[PDB]
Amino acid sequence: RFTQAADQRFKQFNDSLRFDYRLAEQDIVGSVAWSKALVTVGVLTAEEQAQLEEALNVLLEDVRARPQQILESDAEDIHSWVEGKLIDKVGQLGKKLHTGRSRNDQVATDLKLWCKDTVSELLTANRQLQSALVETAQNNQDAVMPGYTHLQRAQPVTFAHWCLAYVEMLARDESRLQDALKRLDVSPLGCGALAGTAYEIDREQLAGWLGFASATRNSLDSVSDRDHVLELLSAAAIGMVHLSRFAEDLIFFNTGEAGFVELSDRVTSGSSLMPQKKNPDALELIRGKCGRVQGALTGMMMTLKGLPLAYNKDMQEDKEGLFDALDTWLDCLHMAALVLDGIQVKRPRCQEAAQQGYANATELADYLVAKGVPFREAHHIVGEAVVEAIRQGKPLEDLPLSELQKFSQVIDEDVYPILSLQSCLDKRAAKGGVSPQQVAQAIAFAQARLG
């Protein structure tokens, strides 16, 4: 009894179906393609290939329309599940299909086909966040707020420029995904268990049937290679780092202390104890989820580190992490878009905090330096003027001319336009600077580029 329990434990420990069912569709189209290779190589007649294709097409439509059926079976993995469902439709012809093929090059192929499908969905979700960000930017070009270094008020910025910062981060995530795609777009099918098919299959022809751009150059490498999962996990970890920063900023902007931003009821939840709470749960989950992506990355690295060639059962650990991390990344991309959709920027509070920063003390200092006051003395004087202004509870620009002239006689009426928030924005007029004219052009450039 406890022997049987132990054997059943071993079967659960060993089996992969419960996560690799996720590869059903890829295993099936992969099988279609192999079947054609076998014809070129004289194992299958053209008729057996058509019957096999027919049964695989029916199975594909059935898995699409009801994926939950796979997990009803006690098959050990999908390859064996698909094989079993093939034999029901076609008899021993569904075993003959595995001729010249191994589970090692089979799963390598399925996995890369899955990555292609998934990178595609990630590219879309990523482009959608960019577009959500750019749209948010368009509607908040007038939202002047404090920029931050060290979480201290620095030169003022606009909410729009803040959005386009994340657009840029996301644009690099997009090219990272594109590059990973091109690099993984190589068919490992026809590589046998480790040393190649024992048939004269045309692997480049086979790759074409699979939709891959070329075939792998080395069978040992083909069966042992999981770079694409490491690289996709890297891309995801960096993407999630981006989203964790976005979340951190929005959560600060969302504090009662800041009051910069109000989030929608759709994307927010309450407290079981505290009747007033409206918490940024979605933003917090997005940053909390950075860790599981990172863990998936670390785990895959550790799994592959020190692993001898060619194939090893350790490599069955390549899927759960990848699946979880890419699902997470996709969910976070969607959720970040959703948060933006309902966001309200509280413009007066943003501007009030911008003005309580005294960044224009700089502009005062070199107004004075431009008027001839020595550097050291200029800074001393503005320092004094700033202390007095906070004592009176007003911005520098709010001091009457008679008051400012007590700090330096050279200050005149022309000081006031030079101290304005608008003036300080308009000076940053180089590419990527925060002047409204530049931000406006960046939004337009991103609209055109994003479609």
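Throughout, we count residues from 1 along the sequence that is shown.
Q: Quick one: higher average CA temperature factor, 241 to 249 or 83 to 91?
A: Per the PDB entry, the higher value belongs to 83 to 91.
Q: Please compare 336 to 344 with 143 to 151 and name the stretch with the higher mean C-alpha B-factor in the deposited structure.
A: Result: 336 to 344.
Q: Name the residue from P188, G100, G372, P275 with the greatest C-alpha temperature factor listed in the entry.
A: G372 has the highest C-alpha B-factor of those listed.
Q: Among the candidates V223, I201, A160, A258, give the one with the maximum CA B-factor reported in the record.
A: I201 has the highest C-alpha B-factor of those listed.
Q: How does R428 rank on Cα B-factor within its chain, lowest, middle or highest third?
A: Its C-alpha B-factor, which the entry lists for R428, ranks in the highest third among residues of this chain.
Q: Among the chain's modelled residues, which third holds the C-alpha B-factor of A6?
A: According to the entry, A6 has a C-alpha B-factor in the chain's lowest third.
Q: Give the position of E262 by CA B-factor within its chain, expressed as the lowest, middle or highest third.
A: Ranked within chain, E262 CA B lands in the highest tercile.
Q: If you rank every modelled residue in this chain by C-alpha B factor, which third holds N254: lowest, middle or highest?
A: Lowest third, going by the recorded CA B-factors of the chain.
Q: Among the chain's modelled residues, which third holds the C-alpha B-factor of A125?
A: It belongs to the lowest third of the chain when residues are ordered by C-alpha B-factor.
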